[PDB]
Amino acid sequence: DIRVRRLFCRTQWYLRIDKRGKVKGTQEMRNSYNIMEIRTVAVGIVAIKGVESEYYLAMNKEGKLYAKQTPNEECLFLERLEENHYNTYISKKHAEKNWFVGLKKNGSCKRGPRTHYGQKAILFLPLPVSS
């Protein structure tokens, strides 16, 4: 239920959250702020937490992505497995209006409203943080 992976994005970026709690991608594998804890809070729901910044991952009322430290329902995400074996994450608060978590080609966080299914920006491959 608690998995520490990296979350590699199809757009060639790992999701990383700063100490200032700034959400953003990186081509720096060995970045330590890109090691995340995907905690299953319920069937289908997940929380995404930085194992270094101790911050979460959330999305506001206008699709903007951020990271708290003290959870709320904006820190919860509908986690999905695809037929291809990548994963998708829809905001729980704004599900059914379909705002996916995404990282642009430039590494920027996609806005919940700008995201759409079939985008490469919203596709993640959670890699293990072990050895």
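All residue numbers refer to positions in the sequence shown, first residue = 1.
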*Would you determine, from the values in the PDB entry, which of 40-48 and 90-98 has the greater average C-alpha temperature factor?*
90-98
*In the PDB record, does 76-84 or 26-34 carry the higher mean Cα temperature factor?*
26-34
*Looking at the entry's B-factor column for C-alpha atoms only, identify whether residue 109 ranks in the lowest, middle or highest third of its chain.*
highest
_Chain thirds of CA B-factor: placement of residue 20_ = highest
*Could you look up the Cα B-factor of residue 67 in the entry and say which third of the chain it sits in: lowest, middle or highest?*
highest
